[PDB]
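Asker: Handing over query.cif, mmCIF, C-alpha atoms.
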```
data_target
loop_
_atom_site.label_atom_id
_atom_site.label_comp_id
_atom_site.auth_asym_id
_atom_site.auth_seq_id
_atom_site.Cartn_x
_atom_site.Cartn_y
_atom_site.Cartn_z
CA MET A 1 52.71 100.19 60.17
CA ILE A 2 50.54 97.91 62.28
CA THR A 3 49.64 95.15 59.83
CA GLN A 4 46.36 93.24 59.64
CA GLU A 5 48.22 90.18 60.96
CA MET A 6 49.28 92.24 63.99
CA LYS A 7 45.77 93.63 64.44
CA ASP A 8 44.37 90.12 64.59
CA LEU A 9 46.70 89.15 67.43
CA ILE A 10 46.14 92.48 69.21
CA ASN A 11 42.40 91.91 69.13
CA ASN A 12 42.74 88.35 70.42
CA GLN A 13 45.19 88.90 73.28
CA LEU A 14 45.75 90.95 76.40
CA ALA A 15 47.91 94.10 76.25
CA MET A 16 50.74 93.92 78.78
CA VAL A 17 52.24 97.32 79.48
CA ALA A 18 55.65 98.22 80.92
CA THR A 19 56.54 101.73 82.10
CA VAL A 20 59.27 103.12 84.35
CA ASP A 21 59.37 105.62 87.23
CA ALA A 22 61.95 108.34 87.90
CA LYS A 23 64.31 106.09 89.90
CA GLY A 24 64.24 103.51 87.12
CA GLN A 25 61.85 100.97 88.63
CA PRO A 26 59.89 99.10 85.96
CA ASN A 27 56.15 98.76 86.36
CA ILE A 28 54.10 96.11 84.63
CA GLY A 29 50.38 95.58 84.26
CA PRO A 30 47.57 94.56 81.92
CA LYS A 31 45.49 97.18 80.16
CA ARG A 32 42.28 95.46 79.23
CA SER A 33 40.88 98.56 77.48
CA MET A 34 43.96 98.91 75.22
CA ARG A 35 42.86 99.16 71.59
CA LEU A 36 43.87 100.58 68.23
CA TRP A 37 43.23 104.19 67.32
CA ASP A 38 44.90 103.85 63.92
CA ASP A 39 47.73 101.95 62.26
CA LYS A 40 50.39 103.64 64.42
CA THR A 41 48.54 104.45 67.65
CA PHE A 42 46.99 102.71 70.66
CA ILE A 43 44.68 104.22 73.24
CA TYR A 44 43.45 102.97 76.60
CA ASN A 45 41.09 104.30 79.24
CA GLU A 46 42.82 105.50 82.38
CA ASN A 47 40.44 105.08 85.33
CA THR A 48 42.56 104.91 88.47
CA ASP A 49 45.67 107.07 88.28
CA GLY A 50 47.83 104.14 89.18
CA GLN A 51 51.55 104.08 88.70
CA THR A 52 51.21 103.75 84.92
CA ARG A 53 49.68 107.20 84.57
CA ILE A 54 52.32 108.68 86.89
CA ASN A 55 55.14 107.02 84.93
CA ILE A 56 53.81 108.17 81.55
CA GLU A 57 53.47 111.77 82.76
CA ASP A 58 57.00 111.62 84.18
CA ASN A 59 58.87 110.44 81.12
CA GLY A 60 56.58 109.04 78.46
CA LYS A 61 58.42 105.72 78.11
CA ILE A 62 56.43 102.60 77.30
CA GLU A 63 56.48 99.12 75.81
CA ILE A 64 53.42 96.99 75.06
CA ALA A 65 53.52 93.25 74.50
CA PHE A 66 50.85 90.90 73.19
CA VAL A 67 51.47 87.14 73.29
CA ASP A 68 49.52 84.20 71.85
CA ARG A 69 50.50 81.69 74.53
CA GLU A 70 49.15 78.68 72.68
CA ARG A 71 50.56 79.32 69.21
CA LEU A 72 53.77 80.82 70.68
CA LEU A 73 53.51 84.09 68.73
CA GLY A 74 53.51 87.74 69.67
CA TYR A 75 54.52 91.33 69.17
CA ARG A 76 56.27 93.99 71.20
CA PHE A 77 55.42 97.61 70.48
CA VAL A 78 57.85 100.33 71.48
CA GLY A 79 57.05 104.02 71.51
CA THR A 80 56.13 107.19 73.38
CA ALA A 81 53.07 107.61 75.56
CA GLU A 82 51.08 110.58 76.77
CA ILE A 83 48.06 111.26 78.93
CA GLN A 84 45.26 113.55 77.78
CA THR A 85 42.16 114.81 79.59
CA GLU A 86 40.60 116.75 76.72
CA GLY A 87 40.33 116.54 72.95
CA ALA A 88 39.47 113.90 70.35
CA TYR A 89 41.15 110.93 71.99
CA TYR A 90 39.58 111.68 75.35
CA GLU A 91 36.07 112.26 73.99
CA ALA A 92 36.32 109.01 72.02
CA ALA A 93 37.43 107.14 75.14
CA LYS A 94 34.50 108.70 77.02
CA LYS A 95 31.93 107.57 74.43
CA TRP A 96 33.47 104.09 74.28
CA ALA A 97 33.16 103.76 78.07
CA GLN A 98 29.46 104.62 78.15
CA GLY A 99 27.46 101.58 79.20
CA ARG A 100 30.74 99.78 79.59
CA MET A 101 32.80 101.21 82.47
CA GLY A 102 33.09 104.42 84.48
CA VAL A 103 33.77 107.83 82.93
CA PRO A 104 37.52 107.98 82.18
CA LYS A 105 39.81 110.19 84.28
CA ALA A 106 42.06 110.41 81.27
CA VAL A 107 43.03 108.63 78.10
CA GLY A 108 46.44 107.11 77.52
CA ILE A 109 47.82 107.40 73.99
CA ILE A 110 50.71 105.31 72.68
CA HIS A 111 52.55 106.44 69.57
CA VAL A 112 54.17 103.33 68.11
CA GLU A 113 57.72 103.81 66.84
CA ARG A 114 59.14 100.29 66.51
CA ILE A 115 57.68 96.79 66.40
CA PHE A 116 59.42 93.51 67.29
CA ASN A 117 58.42 89.87 66.87
CA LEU A 118 58.00 87.73 70.00
CA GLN A 119 59.01 84.39 68.65
CA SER A 120 62.15 85.59 66.86
CA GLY A 121 62.89 88.85 68.70
CA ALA A 122 63.71 90.59 65.43
CA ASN A 123 62.57 94.04 64.31
CA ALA A 124 59.43 93.40 62.26
CA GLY A 125 59.33 96.86 60.68
CA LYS A 126 58.99 96.57 56.91
CA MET B 1 52.92 84.74 101.64
CA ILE B 2 51.73 82.80 98.59
CA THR B 3 48.10 81.73 98.15
CA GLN B 4 47.22 78.39 96.54
CA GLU B 5 45.11 80.50 94.17
CA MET B 6 48.30 82.41 93.38
CA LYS B 7 50.15 79.14 92.78
CA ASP B 8 47.37 77.97 90.47
CA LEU B 9 47.53 81.08 88.31
CA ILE B 10 51.33 80.94 88.23
CA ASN B 11 51.25 77.31 87.09
CA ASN B 12 48.58 77.93 84.46
CA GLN B 13 49.73 81.26 83.08
CA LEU B 14 52.62 82.81 81.24
CA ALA B 15 54.94 85.19 83.12
CA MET B 16 55.41 88.60 81.54
CA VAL B 17 58.64 90.16 82.75
CA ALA B 18 59.43 93.88 82.94
CA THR B 19 62.98 95.18 83.41
CA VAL B 20 64.86 98.40 82.64
CA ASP B 21 68.17 99.00 80.84
CA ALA B 22 71.08 101.16 81.98
CA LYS B 23 69.63 104.15 80.11
CA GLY B 24 66.23 103.78 81.76
CA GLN B 25 64.31 102.21 78.87
CA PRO B 26 61.69 99.63 79.88
CA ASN B 27 61.69 96.14 78.40
CA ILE B 28 58.94 93.55 78.42
CA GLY B 29 59.05 89.92 77.41
CA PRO B 30 57.51 86.54 78.21
CA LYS B 31 59.35 83.84 80.17
CA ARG B 32 57.46 80.55 79.92
CA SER B 33 59.80 78.87 82.41
CA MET B 34 59.14 81.37 85.21
CA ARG B 35 58.03 79.34 88.19
CA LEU B 36 57.64 79.60 91.93
CA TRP B 37 60.65 78.25 93.81
CA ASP B 38 59.49 78.94 97.34
CA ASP B 39 57.09 81.36 98.99
CA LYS B 40 59.51 84.29 98.46
CA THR B 41 61.35 83.29 95.28
CA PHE B 42 60.78 82.69 91.56
CA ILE B 43 63.27 81.22 89.11
CA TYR B 44 63.34 81.02 85.34
CA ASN B 45 65.55 79.33 82.77
CA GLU B 46 67.55 81.87 80.79
CA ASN B 47 68.34 80.42 77.34
CA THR B 48 69.42 83.66 75.73
CA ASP B 49 71.68 86.68 75.97
CA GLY B 50 68.60 88.85 75.55
CA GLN B 51 67.51 92.13 77.05
CA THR B 52 65.87 90.71 80.17
CA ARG B 53 69.16 89.08 81.14
CA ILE B 54 71.20 92.20 80.31
CA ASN B 55 68.92 94.37 82.43
CA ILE B 56 68.90 92.07 85.44
CA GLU B 57 72.70 91.95 85.28
CA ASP B 58 72.84 95.76 85.07
CA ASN B 59 70.57 96.79 87.93
CA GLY B 60 68.52 93.88 89.26
CA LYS B 61 65.13 95.61 89.12
CA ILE B 62 62.16 93.51 88.02
CA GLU B 63 58.40 93.09 88.04
CA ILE B 64 56.58 90.04 86.76
CA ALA B 65 52.92 89.55 86.05
CA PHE B 66 50.73 86.48 85.53
CA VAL B 67 47.31 87.22 84.05
CA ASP B 68 44.40 85.03 82.99
CA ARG B 69 43.44 85.95 79.41
CA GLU B 70 39.82 84.93 79.84
CA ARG B 71 39.11 85.89 83.46
CA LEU B 72 39.73 89.03 85.53
CA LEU B 73 42.40 87.29 87.57
CA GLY B 74 46.11 87.82 88.04
CA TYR B 75 49.05 88.76 90.22
CA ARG B 76 52.03 91.10 90.04
CA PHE B 77 55.27 90.27 91.84
CA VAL B 78 57.82 93.01 92.46
CA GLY B 79 61.38 92.47 93.61
CA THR B 80 65.03 92.16 92.75
CA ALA B 81 66.65 89.62 90.50
CA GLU B 82 70.02 88.06 89.80
CA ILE B 83 71.50 85.85 87.09
CA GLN B 84 73.53 82.76 88.02
CA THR B 85 75.55 80.38 85.86
CA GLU B 86 76.69 78.07 88.66
CA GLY B 87 75.39 76.81 92.02
CA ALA B 88 72.30 74.99 93.25
CA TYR B 89 69.66 77.01 91.42
CA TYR B 90 71.50 76.56 88.15
CA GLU B 91 71.87 72.81 88.65
CA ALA B 92 68.16 72.61 89.45
CA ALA B 93 67.35 74.63 86.31
CA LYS B 94 69.30 72.18 84.14
CA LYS B 95 67.44 69.21 85.58
CA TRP B 96 64.12 71.03 85.09
CA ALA B 97 64.85 71.80 81.44
CA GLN B 98 65.22 68.19 80.34
CA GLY B 99 62.16 67.21 78.33
CA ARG B 100 60.92 70.80 78.44
CA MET B 101 63.42 73.03 76.65
CA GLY B 102 67.12 73.45 75.86
CA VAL B 103 70.04 73.45 78.31
CA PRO B 104 69.95 76.82 80.07
CA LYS B 105 72.73 79.39 79.68
CA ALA B 106 71.84 80.64 83.14
CA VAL B 107 69.13 80.76 85.79
CA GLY B 108 67.32 83.90 86.85
CA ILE B 109 66.36 84.23 90.51
CA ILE B 110 63.69 86.71 91.60
CA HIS B 111 63.43 87.67 95.25
CA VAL B 112 59.83 88.73 95.92
CA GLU B 113 59.34 91.95 97.90
CA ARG B 114 55.70 92.82 97.22
CA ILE B 115 52.63 91.09 95.77
CA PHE B 116 49.72 92.79 93.98
CA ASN B 117 46.33 91.29 93.16
CA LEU B 118 45.98 92.72 89.70
CA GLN B 119 42.43 93.26 88.55
CA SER B 120 40.39 93.10 91.74
CA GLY B 121 42.59 93.36 94.82
CA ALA B 122 45.35 96.02 94.94
CA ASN B 123 48.08 94.78 97.32
CA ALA B 124 48.05 91.19 98.56
CA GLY B 125 51.30 91.23 100.54
#
```
Using structure tokens, write down the structure that the file contains.

Answerer:
Amino acid sequence: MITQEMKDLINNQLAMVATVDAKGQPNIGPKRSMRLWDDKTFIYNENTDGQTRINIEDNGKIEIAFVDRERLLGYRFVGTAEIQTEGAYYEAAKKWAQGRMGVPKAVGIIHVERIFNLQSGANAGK
Amino acid sequence: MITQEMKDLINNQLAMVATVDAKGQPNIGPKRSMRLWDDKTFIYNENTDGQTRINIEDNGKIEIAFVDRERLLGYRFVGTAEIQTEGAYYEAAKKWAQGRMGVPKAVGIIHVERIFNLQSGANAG
């Protein structure tokens, strides 16, 4: 679902993540550890329990955008998120962090459901 | 309440804008025209009838972020927003657009309530 063209941009740009709290306030922030798990899934290392973790545990809603500012290209990924503290995703996030950052409090997992282009704005699911 | 360092980042980086629709779904998109108006206000040129505009019109809630791709630097600005199609901001937005982009459909105005230093600073004001 995530194409090699998309992967290239993902691996060259910063993940910008939007979530929402209970009262409907959007929250935005970069996730510099955001990376692909497979062709339909992102993971990131959750180290702080900031608002993003709270929002995901509340309602699971999320959007991730990557933009190539220079070439005016990008992608928006829409899906469901969860937080895990045990299991395969978490242990992988733990190993990835070793020698790199602190031991993760949790791992965030994003299940991609729809993909949109960020020049056009059109659904790029084919 | 705006640092010169903040102004530098804002001028050199792309605003990413988060809003929410009437059903509570988040939306994120870039707005290259997002720019500081004064120390408590951003504006951007709205050239579309897209989701960011729809969401601002619905509930006014917004957060914007400017982040350096290559360095651990950036700022988050949280506040409320409105869309205008007439008045002084809109006239200013039209003048700004010439030689930069198309004639705007509207102007978005963001009233800053809180500032966050993103990767190294927590709150900044």

Asker: Can you list, as a ChimeraX atom specification, the residues that the PyMOL selection byres ((chain B) within 9 of (chain A)) selects here?

Answerer: /B:13-14,16-30,32,50,61-65,67-69,76,78,118-119

Asker: Once you have the residues from the selection above, write them out as a short mmCIF file (atom, residue, chain, number, x, y, z; two decimals), keeping the file's coordinate frame, restricted to C-alpha atoms.

Answerer:
```cif
data_model
loop_
_atom_site.label_atom_id
_atom_site.label_comp_id
_atom_site.auth_asym_id
_atom_site.auth_seq_id
_atom_site.Cartn_x
_atom_site.Cartn_y
_atom_site.Cartn_z
CA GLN B 13 49.73 81.26 83.08
CA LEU B 14 52.62 82.81 81.24
CA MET B 16 55.41 88.60 81.54
CA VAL B 17 58.64 90.16 82.75
CA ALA B 18 59.43 93.88 82.94
CA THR B 19 62.98 95.18 83.41
CA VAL B 20 64.86 98.40 82.64
CA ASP B 21 68.17 99.00 80.84
CA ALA B 22 71.08 101.16 81.98
CA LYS B 23 69.63 104.15 80.11
CA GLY B 24 66.23 103.78 81.76
CA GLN B 25 64.31 102.21 78.87
CA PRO B 26 61.69 99.63 79.88
CA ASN B 27 61.69 96.14 78.40
CA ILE B 28 58.94 93.55 78.42
CA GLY B 29 59.05 89.92 77.41
CA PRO B 30 57.51 86.54 78.21
CA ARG B 32 57.46 80.55 79.92
CA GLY B 50 68.60 88.85 75.55
CA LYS B 61 65.13 95.61 89.12
CA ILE B 62 62.16 93.51 88.02
CA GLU B 63 58.40 93.09 88.04
CA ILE B 64 56.58 90.04 86.76
CA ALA B 65 52.92 89.55 86.05
CA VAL B 67 47.31 87.22 84.05
CA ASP B 68 44.40 85.03 82.99
CA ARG B 69 43.44 85.95 79.41
CA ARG B 76 52.03 91.10 90.04
CA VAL B 78 57.82 93.01 92.46
CA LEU B 118 45.98 92.72 89.70
CA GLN B 119 42.43 93.26 88.55
#
```

Asker: Report as a list in words the full result of the PyMOL selection byres ((chain B and resi 91-105) around 12) when it is applied to this structure.

Answerer: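 Going through the file, the PyMOL selection byres ((chain B and resi 91-105) around 12) ends up selecting residues 32, 33, 34, 35, 37, 42, 43, 44, 45, 46, 47, 48, 49, 50, 53, 83, 84, 85, 86, 87, 88, 89, 90, 106, 107, 108 and 109 of chain B.
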
Asker: Out of A:53, A:7, A:105, A:71, which residue has the shortest atom-to-atom distance to residue 93 of chain A when counting all atoms listed in the file?

Answerer: A:105

Asker: I'd like the interatomic distance between atom CA of residue 109 of chain A and atom CA of residue 34 of chain A, to a tenth of an Å.

Answerer: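 Atom CA of residue 34 of chain A lies 9.4 Å from atom CA of residue 109 of chain A.
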
Asker: What's the separation between atom CA of residue 73 of chain A and atom CA of residue 9 of chain A, in Å to one decimal place?

Answerer: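 Atom CA of residue 9 of chain A lies 8.6 Å from atom CA of residue 73 of chain A.
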
Asker: Go ahead and compute the interatomic distance for atom CA of residue 97 of chain A and atom CA of residue 33 of chain A, in Å to one decimal.

Answerer: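 Answer for the atom CA of residue 97 of chain A to atom CA of residue 33 of chain A separation: 9.3 Å.
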